[PDB]
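Written below as structure tokens is the structure these notes are about.
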Ligand SMILES: OC[C@H]1O[C@H](OC[C@H]2O[C@H](O[C@]3(CO)O[C@H](CO)[C@@H](O)[C@@H]3O)[C@H](O)[C@@H](O)[C@@H]2O)[C@H](O)[C@@H](O)[C@H]1O
């Protein structure tokens, strides 16, 4: 009678809201039960489960990932090309992450990356949003001079600075394809310390390495600790994705939250990075395909999607959803969503990303400029060969 399906979740920040939508689905479909699964190291466990052959019915997988690309070709995921609900996805966002000209992922939302800032304290200290690298250098120094902590960096979570270093190369080269040309599709051992592009990368990275730029006990600070630190007003800024604001809002800040994109060398060269945030795939070997499809179809509904957006905040590709204006806290970060200024994660054409997080954070810890170059070459050479 009643059949149970599973939804593998990687959106830890939205657990409470996604479970609320699930119950709303369960109340409308009494013959269907859905288990929302949240596990630590969800990326590794999903790899484990896909190999083991215990693929969850509905899977939150990021559509730019090589995992999605490889598994879709293998036939792990159901083809969703001829589904009616795929027409509810505007901006041709479903077709963007097509594999063999076939859609295997429904990306509901698009995540972005930038800098969160405390509007109140910024006004209090009379500081403006930077528009160049040099202005971003000056802002950090001026916060230090005022006796405040500019950045809250999570030293124990290297992934938090993934978007930062990816935008460091992006603003240095011009975009995503330009960044992958220097790092990924270049010759083996092409990345040199003398390269102006690498000199630019270091310069952008050195902004996090200004004297007194980071909070006390940052080396062993987690993602949760930095959210709390920013919410209390211990730090004025924190670099993170658009996925963080729901957890920041949770902590009840005593200030209005603002965002801005990482600037380029000159004005009007700022970029953002991201892909499908809330992005769902259906297992091809699911025992209950009708029930699983209905669950995905449910999330494509505008009044259901409004429930998610009003909490999350990331731009949605779903039609009929009233999105927040330019007064929104995520505005400065997510303004250029679905434009040329928003480039896909660079690990769309990599084999992994874990080591890129390491070498990014290692530099913030050490400052070894040659060491970072060595790490970059050591990371990208296996992909070229
Ligand atoms: O830049 C980091 C990350 O961005 C994209 O994934 C967005 C995703 O990141 C975070 O999720 C975690 C850490 O909390 O990261 C892994 C996935 O990489 C998950 O196991 C875990 O939940 C945020 O907490 C999420 O809200 C957000 O959805 C991109 O897809 C990744 O490749 C990676 O570059």
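Residue numbers (full-length UniProt numbering): 32 to 416.
For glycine and all other residues, C-beta sits at the position ideal for the given N, C-alpha and C.
Next on the checklist: Measuring only from the beta carbon, is residue 43 closer than 7 Å to any heavy atom that is part of ligand 1?
Outcome noted: Position 12 of the chain shown, counted from the first residue, corresponds to residue 43. Flag set: Cβ of residue 43 near ligand 1.
Next on the checklist: Does the beta-carbon of residue 102, which I'm using as the reference point, lie nearer than 7 Å to any heavy atom of ligand 1?
Outcome noted: Here residue 102 refers to the residue found at position 71 of the chain shown. Because no heavy atom of ligand 1 lies under 7 Å away, the Cβ of residue 102 does not count as near it: no.
Item to check | Spatial distance of residue 170 from residue 114 (CA atoms) | outcome: Against the chain shown, residue 170 aligns to sequence position 139. Against the chain shown, residue 114 aligns to sequence position 83. Straight-line measurement puts the Cα of residue 114 at about 50 Å from the Cα of residue 170.
Checklist entry - Which whole-angstrom value is the C-beta distance of residue 244 and residue 346, which I expect to be below 8 Å? => result Residue 244 sits at position 213 when you count from the first residue of the chain shown. Residue 346 sits at position 315 when you count from the first residue of the chain shown. About 30 Å; that fails the 8 Å criterion.
Item to check | Sub-8 Å separation of residue 276 and residue 407 beta-carbons | outcome: Taking the chain shown and counting its residues from 1, one reaches residue 276 at position 245. Taking the chain shown and counting its residues from 1, one reaches residue 407 at position 376. Not a contact, by the Cβ cut-off of 8 Å.
Checklist entry - ligand 1 heavy atoms versus the CB of residue 5: any closer than 7 Å? => result No information on residue 5 is available, as it lies outside the stretch 32 to 416 that the chain covers here.
Checklist entry - Whose C-alpha, out of 384, 158, 174, 359, is nearest the C-alpha of residue 265? => result Counting from 1 along the chain shown, the entry for residue 265 is found at position 234. Nearest of 384, 158, 174, 359 to residue 265, Cα basis: 174.
Next on the checklist: To the nearest angstrom, how far is the alpha carbon of residue 227 from that of residue 204?
Outcome noted: Residue mapping note: residue 227 aligns to position 196 of the chain shown, counting from 1. Residue mapping note: residue 204 aligns to position 173 of the chain shown, counting from 1. Answer to the nearest angstrom: the Cα atoms are 10 Å apart.
Checklist entry - Skipping 5 residues on each side, what residues in its chain have a beta carbon closer than 6 Å to that of residue 302? => result One-based indexing of the chain shown puts residue 302 at position 271. 198, 201, 202, 372.
Checklist entry - ligand 1 heavy atoms versus the CB of residue 381: any closer than 7 Å? => result The count along the chain shown starts at 1 and reaches residue 381 at position 350. No, ligand 1 has no heavy atom inside 7 Å of this Cβ.
Checklist entry - Hey, quick one: how far does the alpha helix (DSSP H) through residue 405 stretch, first residue to last? => result What you label residue 405 is simply residue 374 of the chain shown in a count that begins at 1. From DSSP, the alpha helix (DSSP H) with residue 405 extends over 400–415.
Checklist entry - Alpha carbon to alpha carbon, what distance is there between residue 106 and residue 400? => result On the chain shown, position 369 is the one that residue 400 refers to. On the chain shown, position 75 is the one that residue 106 refers to. Their backbone Cα atoms lie some 43 Å apart in a straight line.
Checklist entry - Are the beta-carbon atoms belonging to residue 158 and residue 270 less than 8 Å from one another? => result For the purposes of this step, residue 158 is identified with residue 127 of the chain shown, where counting begins at 1. For the purposes of this step, residue 270 is identified with residue 239 of the chain shown, where counting begins at 1. Going by C-beta atoms, residue 158 is not nearer than 8 Å to residue 270.
Item to check | Residues near residue 315 in its chain [Cβ-Cβ closer than 7 Å; skip 5 each side] | outcome: On the chain shown, position 284 is the one that residue 315 refers to. In the same chain as residue 315, and ignoring 5 residues on each side of it, the C-beta atoms closer than 7 Å to its own belong to 106, 107, 108, 109, in chain order.
Checklist entry - Can you round the beta-carbon distance between residue 259 and residue 138 to whole angstroms, since I take them to be within the 8 Å contact cut? => result The sequence position of residue 259 within the chain shown is 228, counting from 1. The sequence position of residue 138 within the chain shown is 107, counting from 1. Their Cβ separation, rounded to whole angstroms, is 30 Å, which puts residue 259 and residue 138 out of contact at 8 Å.
Item to check | Continuous beta strand (DSSP E) stretch holding residue 268: start and end | outcome: Within the chain shown, numbered from 1, the residue matching residue 268 stands at position 237. It spans 266–272 - the beta strand (DSSP E) in which residue 268 sits, taken as one unbroken run.
Checklist entry - So is the beta-carbon of residue 282 under 7 Å away from any non-hydrogen atom of ligand 1? => result If you number the chain shown from 1, residue 282 lands on position 251. No.
Checklist entry - Is the CB-CB distance between residue 291 and residue 363 below 8 Å? => result Here the question's residue 291 lines up with position 260 in the chain shown. Here the question's residue 363 lines up with position 332 in the chain shown. Result yes, Cβ atoms of residue 291 and residue 363 sit closer than 8 Å.
Item to check | Contacting residues, own chain, Cβ-Cβ under 6 Å from residue 213 (five flanking each side not counted) | outcome: The count along the chain shown starts at 1 and reaches residue 213 at position 182. Excluding positions up to five away in sequence, the list reads 204, 228.
Checklist entry - Quick one: is the Cβ of residue 384 within less than 7 Å of any heavy atom of ligand 1? => result Position 353 of the chain shown, counting from 1, holds the residue named residue 384. For ligand 1, at least one heavy atom lies less than 7 Å from the Cβ of residue 384.
Item to check | Contact test: residue 142 Cβ vs ligand 1 heavy atom, cutoff 7 Å | outcome: Looking up residue 142 in the chain shown gives position 111. Yes; taking the cut-off as 7 Å, the Cβ of residue 142 has a heavy atom of ligand 1 nearer than that.
Item to check | Alpha-carbon to alpha-carbon, residue 61 and residue 381 | outcome: For the purposes of this step, residue 381 is identified with residue 350 of the chain shown, where counting begins at 1. For the purposes of this step, residue 61 is identified with residue 30 of the chain shown, where counting begins at 1. In a straight line, the C-alpha of residue 381 is about 43 Å away from that of residue 61.
Next on the checklist: With DSSP as the reference, identify every bridge partner of residue 280, one or two as the case may be.
Outcome noted: To locate residue 280, count along the chain shown from 1; it is residue 249. Its beta-bridge partners do not exist; DSSP assigns none.
Checklist entry - How far does the beta strand (DSSP E) with residue 182 in it reach, from first residue to last? => result Your numbering for residue 182 matches position 151 in the chain shown. Looking at the DSSP string, the run of the beta strand (DSSP E) that includes residue 182 is 180–182.
Item to check | Three or more C-beta pairs below 8 Å linking the region 233–249 and the region 328–343 | outcome: no
Item to check | ligand 1 heavy atom lying under 7 Å from the CB of residue 27 | outcome: The structure shown does not extend to residue 27, since the chain is modelled only from 32 through 416, so no value can be given for it.
Next on the checklist: Assuming the contact rule is C-beta atoms closer than 8 Å, residue 404 and residue 156 should be a hit. Round their C-beta distance to whole Å, please.
Outcome noted: Translated into positions along the chain shown, residue 404 becomes position 373. Translated into positions along the chain shown, residue 156 becomes position 125. 36 Å between Cβ atoms; not a contact.
Checklist entry - Is residue 272 near ligand 1, going by C-beta to nearest heavy atom under 7 Å? => result Numbered from its first residue, the chain shown carries residue 272 at position 241. For ligand 1, at least one heavy atom lies less than 7 Å from the Cβ of residue 272.
Checklist entry - Does the distance from the CB of residue 142 to the CB of residue 274 come in under 8 Å? => result Taking the first residue of the chain shown as 1, we reach residue 142 at position 111. Taking the first residue of the chain shown as 1, we reach residue 274 at position 243. In contact: residue 142 and residue 274 (Cβ atoms closer than 8 Å).
Checklist entry - Roughly how many angstroms lie between the CA atoms of residue 183 and residue 58, to the nearest whole one? => result One-based indexing of the chain shown puts residue 183 at position 152. One-based indexing of the chain shown puts residue 58 at position 27. CA-CA distance, residue 183 to residue 58, rounds to 42 Å.
Checklist entry - Among 396, 395, 384, 163, which residue has its Cα nearest to the Cα of residue 411? => result Your numbering for residue 411 matches position 380 in the chain shown. Among 396, 395, 384, 163, the Cα nearest to that of residue 411 belongs to 384.
Checklist entry - How far does the beta strand (DSSP E) with residue 148 in it reach, from first residue to last? => result Looking up residue 148 in the chain shown gives position 117. Residue range 144–149 is occupied by the beta strand (DSSP E) that includes residue 148.
Next on the checklist: Using the three-state DSSP reduction, which class does residue 331 fall into: helix, strand or coil?
Outcome noted: By one-based count along the chain shown, residue 331 stands at place 300. Coil at residue 331, not helix or strand.
Item to check | Per-residue DSSP class, three states only, for residue 389 | outcome: If you number the chain shown from 1, residue 389 lands on position 358. Of the three classes helix, strand and coil, the one that applies to residue 389 here is helix, per DSSP.
Next on the checklist: With DSSP as the reference, identify every bridge partner of residue 109, one or two as the case may be.
Outcome noted: Looking up residue 109 in the chain shown gives position 78. Residue 109 is not bridged to any residue.
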